[PDB]
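Visitor: Below: one structure in structure tokens.
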Amino acid sequence: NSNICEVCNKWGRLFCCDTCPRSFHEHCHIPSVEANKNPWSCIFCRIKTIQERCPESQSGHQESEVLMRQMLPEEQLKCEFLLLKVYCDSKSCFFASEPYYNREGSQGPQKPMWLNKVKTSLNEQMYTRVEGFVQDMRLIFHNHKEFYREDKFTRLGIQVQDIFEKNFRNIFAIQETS
Ligand SMILES: [Zn+2]
Ligand SMILES: [Zn+2]
Ligand SMILES: [Zn+2]
């Protein structure tokens, strides 16, 4: 196995996947690495299994259909994986914890949002449809763009949103378009 966490790229107390060479910190994995379970398969492996059991799941889909899906176990897992892929980018640090807003010439957002809040919401089964999760994820980046206005720091929001959107289209097999 790898000797660094797949998500944060640091060593430490690592749990090793039994079906691939990836390793994780306990709370870097989503869901948090399960207490017992031998063998244990990571989220990358569990998502690969879904695909392999239903090859047709990789045919293209319309976003509008994906968003209306109820959060059954497979869609829960897909959203957990998508959230994890965002944490995998080091620029997610900016968006992880609860923000505050005190900048001359800007007003903070009406509905603040951050990664760790989405993570808690998924853990507590607060989303009933994929749309709930995706709306909160997109709101993170939209709030940032709006608040930072012409400051070059706005770009961090564009960058992390692009990671989110590419991974959303991959994980949920959104139909490719120009
Ligand atoms: Zn880690
Ligand atoms: Zn694995
Ligand atoms: Zn099938």
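Scheme for the structure tokens: letters A, B, ... for chains in order shown; per-chain residue numbers from 1; ligand numbers from 1 in order shown.
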Tell me, as an mmCIF file with N, CA, C and O atoms, in the first residue's frame, which residues lie within 9 Å of residue 13 in chain A, counting only C-alpha atoms; anything in the same chain fewer than 2 positions away does not count.

Guide:
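The resulting file, selection_26.cif, is shown below:
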```cif
data_model
loop_
_atom_site.group_PDB
_atom_site.id
_atom_site.type_symbol
_atom_site.label_atom_id
_atom_site.label_comp_id
_atom_site.auth_asym_id
_atom_site.auth_seq_id
_atom_site.Cartn_x
_atom_site.Cartn_y
_atom_site.Cartn_z
ATOM 1 N N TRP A 11 1.646 11.526 5.660
ATOM 2 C CA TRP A 11 1.771 10.318 6.432
ATOM 3 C C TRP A 11 1.002 10.523 7.726
ATOM 4 O O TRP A 11 0.372 11.569 7.965
ATOM 5 N N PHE A 15 -5.060 3.904 7.432
ATOM 6 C CA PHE A 15 -5.807 2.654 7.188
ATOM 7 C C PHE A 15 -5.694 2.261 5.746
ATOM 8 O O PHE A 15 -5.847 3.094 4.844
ATOM 9 N N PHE A 24 -5.589 5.808 3.796
ATOM 10 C CA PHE A 24 -6.293 6.975 4.303
ATOM 11 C C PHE A 24 -6.162 7.281 5.756
ATOM 12 O O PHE A 24 -6.288 6.394 6.606
ATOM 13 N N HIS A 25 -6.094 8.580 6.100
ATOM 14 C CA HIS A 25 -6.435 8.922 7.483
ATOM 15 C C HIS A 25 -7.895 8.589 7.733
ATOM 16 O O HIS A 25 -8.756 8.656 6.841
ATOM 17 N N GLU A 26 -8.184 8.286 8.997
ATOM 18 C CA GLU A 26 -9.540 7.935 9.426
ATOM 19 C C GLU A 26 -10.622 8.878 8.925
ATOM 20 O O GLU A 26 -11.577 8.389 8.311
#
```

Visitor: What are the nearest atom pairs, with distances in Å to one decimal, for all residues of chain A that come at most 12 Å from ligand 3, using only C-alpha atoms and all ligand atoms, set out by chain and rising residue number as CSV?

Guide:
```
residue,atom,partner,partner_atom_place_in_ligand_line,distance
A:49,CA,ligand 3,1 (Zn),11.6
A:50,CA,ligand 3,1 (Zn),9.4
A:51,CA,ligand 3,1 (Zn),9.0
A:52,CA,ligand 3,1 (Zn),8.5
A:53,CA,ligand 3,1 (Zn),5.9
A:54,CA,ligand 3,1 (Zn),3.7
A:55,CA,ligand 3,1 (Zn),6.2
A:56,CA,ligand 3,1 (Zn),6.4
A:57,CA,ligand 3,1 (Zn),7.8
A:58,CA,ligand 3,1 (Zn),10.7
A:59,CA,ligand 3,1 (Zn),11.8
```

Visitor: Fewer than 6 positions away in the same chain doesn't count, so skip those; otherwise give me all residues within 8 Å of range 147-151 of chain A, counting only C-alpha atoms, as a PDB file with N, CA and C atoms, in the first residue's frame.

Guide:
```pdb
ATOM      1  N   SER A 106     -17.891  44.818   0.314  1.00  0.00           N
ATOM      2  CA  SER A 106     -18.672  43.615   0.077  1.00  0.00           C
ATOM      3  C   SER A 106     -19.521  43.278   1.278  1.00  0.00           C
ATOM      4  N   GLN A 107     -20.585  42.544   1.016  1.00  0.00           N
ATOM      5  CA  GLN A 107     -21.458  42.082   2.049  1.00  0.00           C
ATOM      6  C   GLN A 107     -21.428  40.544   1.976  1.00  0.00           C
ATOM      7  N   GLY A 108     -21.426  39.885   3.128  1.00  0.00           N
ATOM      8  CA  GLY A 108     -21.366  38.423   3.106  1.00  0.00           C
ATOM      9  C   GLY A 108     -22.629  37.811   2.491  1.00  0.00           C
ATOM     10  N   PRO A 109     -22.535  36.535   2.092  1.00  0.00           N
ATOM     11  CA  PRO A 109     -23.690  35.861   1.526  1.00  0.00           C
ATOM     12  C   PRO A 109     -24.800  35.651   2.499  1.00  0.00           C
TER      13      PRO A 109
END
```

Visitor: Using only C-alpha atoms, which residues sit within 6 Å of range 80-96 of chain A once same-chain residues fewer than 4 positions away are excluded, as number ranges by chain?

Guide: A: 7, 30, 114-116, 164

Visitor: Go ahead and save the picked residues with N, CA, C and O atoms, as a short mmCIF file (atom, residue, chain, number, x, y, z; two decimals), in the first residue's frame.

Guide:
```
data_model
loop_
_atom_site.label_atom_id
_atom_site.label_comp_id
_atom_site.auth_asym_id
_atom_site.auth_seq_id
_atom_site.Cartn_x
_atom_site.Cartn_y
_atom_site.Cartn_z
N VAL A 7 -5.95 11.38 0.13
CA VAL A 7 -6.70 12.67 0.14
C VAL A 7 -5.78 13.86 0.42
O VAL A 7 -5.70 14.80 -0.39
N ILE A 30 -14.18 9.32 3.28
CA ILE A 30 -15.60 9.57 3.48
C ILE A 30 -16.36 8.33 2.89
O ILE A 30 -16.07 7.94 1.77
N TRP A 114 -19.97 25.61 3.40
CA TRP A 114 -18.61 25.12 3.45
C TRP A 114 -18.55 23.60 3.44
O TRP A 114 -19.56 22.93 3.74
N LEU A 115 -17.41 23.07 3.08
CA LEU A 115 -17.27 21.63 2.86
C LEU A 115 -17.63 20.79 4.07
O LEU A 115 -18.32 19.78 3.98
N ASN A 116 -17.09 21.17 5.21
CA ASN A 116 -17.33 20.38 6.41
C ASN A 116 -18.79 20.38 6.78
O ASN A 116 -19.22 19.40 7.35
N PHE A 164 -14.81 20.18 -8.81
CA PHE A 164 -16.17 19.65 -8.53
C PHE A 164 -16.94 19.23 -9.80
O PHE A 164 -17.42 18.12 -9.85
#
```

Visitor: Please give the complete set of residues from chain A that DSSP, run on the backbone, assigns to alpha helix (DSSP H), formatted as number ranges by chain.

Guide: A: 43-53, 63-67, 73-87, 93-96, 115-123, 130-148, 154-171

Visitor: Excluding residue 16 in chain A and any residue of its chain fewer than 3 positions from it, enumerate the residues within 9 Å of it, using only C-alpha atoms, and give them as an NGL selection string.

Guide: :A and (1-2 or 20-24 or 40-42)

Visitor: Looking at A:38, A:103, A:146, A:76, which one is nearest to residue 121 in chain A, with distances taken over only C-alpha atoms?

Guide: A:76

Visitor: Figure out the distance between atom 1 (Zn, counted along the ligand's line) of ligand 1 and CA of residue 6 in chain A, please, to one decimal in Å.

Guide: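 Spanning CA of residue 6 in chain A to atom 1 (Zn, counted along the ligand's line) of ligand 1 is a straight-line distance of 6.6 Å.
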
Visitor: Please identify which residues in range 3-178 of chain A DSSP calls strand (DSSP E) from the backbone, and express them as a ChimeraX atom specification.

Guide: /A:14-16,23-25
